[PDB]
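A.B. asks:
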Amino acid sequence: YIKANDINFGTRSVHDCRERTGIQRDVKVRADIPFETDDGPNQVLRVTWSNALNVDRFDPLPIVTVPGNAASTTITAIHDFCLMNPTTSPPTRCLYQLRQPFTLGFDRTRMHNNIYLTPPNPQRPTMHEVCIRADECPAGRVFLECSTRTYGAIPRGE
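Structure (structure tokens):
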């Protein structure tokens with residue numbers, strides 16, 4: 001029969017961009033991983049990634065098939081947000097896009113009865129910024145990449 005499984009991940013990061021520095025973001029995702037108890041440790045797995053916090057879309061499609069011989073699968077969570085500096089007229093309006101990878105690791109040697117995961121590690125994200133002096137937020141058609149100051153796990157309870 002099909003066992004249900006879910007797991008959550010979260011990564012916090014801080015980025016410095018051309019117009020604004022110290023931008024902190026938390027990104028949280030959930031993975032759901034059914035397991036057919038009749039099909040053994042090398043079965044193909046159908047993973048569904050979903051938003052828990054700040055994910056606008058996944059790249060590529062978040063419905064992923066994990067081959068029977070694969071020990072991992074990776075996805076990129078995409079988060080878009082706008083910031084404004086209203087010290088001038090027109091203001092400086094900036095669109096930001098945070099691209100945050102997550103990887104789900106398996107130990108198929110221990111998967112006779114259900115899934116078995118390996119501990120995750122925070123993965124380095126990238127942030128991208130486009131700014132204009134105008135009354136409208138720019139569209140996300142092109143960006144300049146920011147520098148990543150730090151990244152890591154979200155403290156428990158946060």
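Residues 1 to 158 in the authors' numbering are what the sequence shown lists, from first letter to last.
From the three backbone atoms N, C-alpha and C, an ideal C-beta is built for every residue, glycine too.
Classify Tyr96: buried if its beta carbon has 16 or more other beta carbons within 10 angstroms, exposed otherwise.
C.D. replies: Residue mapping note: residue 96 aligns to position 96 of the sequence shown, counting from 1. Under this definition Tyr96 is a buried residue.
A.B. asks: Between the alpha carbons of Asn85 and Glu129, how many angstroms are there, rounded?
C.D. replies: Position 85 of the sequence shown, counted from the start, is the residue given in the question as residue 85. Position 129 of the sequence shown, counted from the start, is the residue given in the question as residue 129. Distance between the alpha carbons of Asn85 and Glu129 is about 14 Å.
A.B. asks: Which residue comes first and which comes last in the beta strand (DSSP E) that contains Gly68?
C.D. replies: Translated into positions along the sequence shown, residue 68 becomes position 68. Looking at the DSSP string, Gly68 is not in any beta strand (DSSP E), and its letter there is neither H nor E.
A.B. asks: Once DSSP output is grouped into helix, strand and coil, what is the label at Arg108?
C.D. replies: Taking the first residue of the sequence shown as position 1, residue 108 is located at position 108. If DSSP states are grouped into helix, strand and coil, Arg108 belongs with the helices.
A.B. asks: Tell whether a beta-carbon distance below 7 Å holds between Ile63 and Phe102.
C.D. replies: Locating residue 63 in the sequence shown gives position 63, counting from the first residue. Locating residue 102 in the sequence shown gives position 102, counting from the first residue. No, the Cβ-Cβ distance between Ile63 and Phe102 is not below 7 Å.
A.B. asks: For the structure I just gave you, are there three or more beta carbon pairs, one from the segment 27 to 46 and one from the segment 1 to 14, closer than 8 Å?
C.D. replies: With the cut-off at 8 Å, the segment 27 to 46 and the segment 1 to 14 touch.
A.B. asks: Is it buried or exposed for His112, if we count other Cβ within 10 angstroms and need 16 for buried?
C.D. replies: To locate residue 112, count along the sequence shown from 1; it is residue 112. Burial call: exposed.
A.B. asks: In whole angstroms, what is the alpha-carbon distance linking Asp135 and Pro91?
C.D. replies: The sequence position of residue 135 within the sequence shown is 135, counting from 1. The sequence position of residue 91 within the sequence shown is 91, counting from 1. Whole-angstrom Cα-Cα distance: 6 Å.
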